[PDB]
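> I'm passing along run_38.pdb; it holds PDB, C-alpha atoms.
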```pdb
MODEL        1
ATOM      1  CA  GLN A   1      48.169 -53.046 -90.832
ATOM      2  CA  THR A   2      47.036 -54.292 -94.248
ATOM      3  CA  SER A   3      43.993 -56.407 -93.429
ATOM      4  CA  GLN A   4      42.823 -54.152 -90.594
ATOM      5  CA  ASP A   5      39.983 -55.275 -88.375
ATOM      6  CA  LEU A   6      37.373 -53.101 -86.759
ATOM      7  CA  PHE A   7      38.111 -50.945 -83.732
ATOM      8  CA  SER A   8      37.140 -50.739 -80.099
ATOM      9  CA  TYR A   9      35.237 -47.922 -78.441
ATOM     10  CA  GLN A  10      34.823 -46.728 -74.861
ATOM     11  CA  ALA A  11      31.278 -45.913 -73.826
ATOM     12  CA  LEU A  12      30.375 -42.463 -72.550
ATOM     13  CA  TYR A  13      27.905 -43.806 -70.002
ATOM     14  CA  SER A  14      25.937 -46.909 -69.072
ATOM     15  CA  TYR A  15      23.054 -48.224 -71.177
ATOM     16  CA  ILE A  16      20.178 -50.544 -70.346
ATOM     17  CA  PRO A  17      18.857 -52.925 -73.042
ATOM     18  CA  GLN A  18      15.320 -52.204 -74.206
ATOM     19  CA  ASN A  19      15.366 -54.918 -76.820
ATOM     20  CA  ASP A  20      16.630 -58.467 -76.362
ATOM     21  CA  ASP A  21      19.054 -57.751 -79.194
ATOM     22  CA  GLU A  22      20.663 -54.852 -77.342
ATOM     23  CA  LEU A  23      23.631 -54.915 -75.000
ATOM     24  CA  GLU A  24      23.799 -54.072 -71.324
ATOM     25  CA  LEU A  25      26.277 -51.238 -71.317
ATOM     26  CA  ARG A  26      28.217 -49.887 -68.353
ATOM     27  CA  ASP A  27      29.895 -46.488 -68.117
ATOM     28  CA  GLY A  28      33.338 -46.666 -69.697
ATOM     29  CA  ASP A  29      32.762 -50.084 -71.219
ATOM     30  CA  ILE A  30      34.603 -51.114 -74.363
ATOM     31  CA  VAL A  31      32.727 -52.336 -77.408
ATOM     32  CA  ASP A  32      33.792 -54.212 -80.512
ATOM     33  CA  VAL A  33      31.379 -54.370 -83.415
ATOM     34  CA  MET A  34      30.145 -57.769 -84.501
ATOM     35  CA  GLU A  35      28.373 -56.303 -87.521
ATOM     36  CA  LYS A  36      27.745 -52.834 -88.881
ATOM     37  CA  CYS A  37      24.197 -51.747 -89.617
ATOM     38  CA  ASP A  38      23.987 -49.251 -92.462
ATOM     39  CA  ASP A  39      21.283 -47.359 -90.576
ATOM     40  CA  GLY A  40      23.973 -46.189 -88.181
ATOM     41  CA  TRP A  41      24.403 -48.682 -85.344
ATOM     42  CA  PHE A  42      26.613 -51.719 -84.856
ATOM     43  CA  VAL A  43      26.491 -54.961 -82.933
ATOM     44  CA  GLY A  44      29.006 -55.193 -80.159
ATOM     45  CA  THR A  45      30.470 -57.380 -77.480
ATOM     46  CA  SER A  46      30.818 -56.062 -73.921
ATOM     47  CA  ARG A  47      34.161 -56.428 -72.151
ATOM     48  CA  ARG A  48      32.285 -57.337 -68.988
ATOM     49  CA  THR A  49      30.574 -60.712 -69.234
ATOM     50  CA  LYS A  50      31.625 -61.128 -72.876
ATOM     51  CA  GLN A  51      28.037 -60.768 -74.083
ATOM     52  CA  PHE A  52      27.189 -59.429 -77.513
ATOM     53  CA  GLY A  53      24.498 -56.836 -78.033
ATOM     54  CA  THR A  54      23.678 -54.257 -80.681
ATOM     55  CA  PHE A  55      23.448 -50.503 -80.081
ATOM     56  CA  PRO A  56      24.263 -47.104 -81.713
ATOM     57  CA  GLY A  57      27.899 -46.768 -82.720
ATOM     58  CA  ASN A  58      27.712 -43.002 -82.426
ATOM     59  CA  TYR A  59      26.690 -43.462 -78.811
ATOM     60  CA  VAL A  60      30.156 -44.645 -77.965
ATOM     61  CA  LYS A  61      33.512 -42.904 -78.451
ATOM     62  CA  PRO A  62      37.063 -43.986 -79.434
ATOM     63  CA  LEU A  63      39.056 -45.633 -76.645
ATOM     64  CA  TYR A  64      40.302 -42.971 -74.259
TER      65      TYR A  64
ENDMDL
END
```
Just give me the structure as structure tokens.

Amino acid sequence: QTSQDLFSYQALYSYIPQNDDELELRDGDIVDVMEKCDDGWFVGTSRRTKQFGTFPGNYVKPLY
């Protein structure tokens, strides 16, 4: 409302971590950004096993 947090996104497809900082992403997974990187990607926590990994925020889309 006034404060307003960040938002959640639903992933287009599944993603496999290449870096130990990245998140294991599954098709249609929801992500919430832990921190925004000004280079274009965010950190995020997976709805699956509640793990937090970073990956492109333009790789995921608004919740369907």
> Running the PyMOL selection byres ((chain A and resi 62) around 9) on this model by hand, what would come out? Give it as a PyMOL selection string.
chain A and resi 7-11+60-61+63-64
> Check what the PyMOL selection byres ((chain A and resi 51) around 12) selects in the file above and give those residues as a VMD selection string.
chain A and resid 20 to 25 30 to 34 43 to 50 52 to 54
> As an exercise, work out the distance from atom CA of residue 59 of chain A to atom CA of residue 12 of chain A in Å and give it to one decimal place.
7.3 Å
> Given the file above and the PyMOL selection byres ((chain A and resi 26) around 7), which residues are selected, and can you give them as a VMD selection string?
chain A and resid 13 to 15 24 to 25 27 to 29
> Tell me, as a ChimeraX atom specification, which residues lie within 8 Å of residue 40 of chain A, counting only C-alpha atoms; anything in the same chain fewer than 4 positions away does not count.
/A:36,56-58
> Could you take the residues named above and write them with C-alpha atoms, as a PDB file, in the coordinates of the input?

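That gives us selection.pdb:
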```
ATOM      1  CA  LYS A  36      27.745 -52.834 -88.881  1.00  0.00           C
ATOM      2  CA  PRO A  56      24.263 -47.104 -81.713  1.00  0.00           C
ATOM      3  CA  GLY A  57      27.899 -46.768 -82.720  1.00  0.00           C
ATOM      4  CA  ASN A  58      27.712 -43.002 -82.426  1.00  0.00           C
TER       5      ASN A  58
END
```
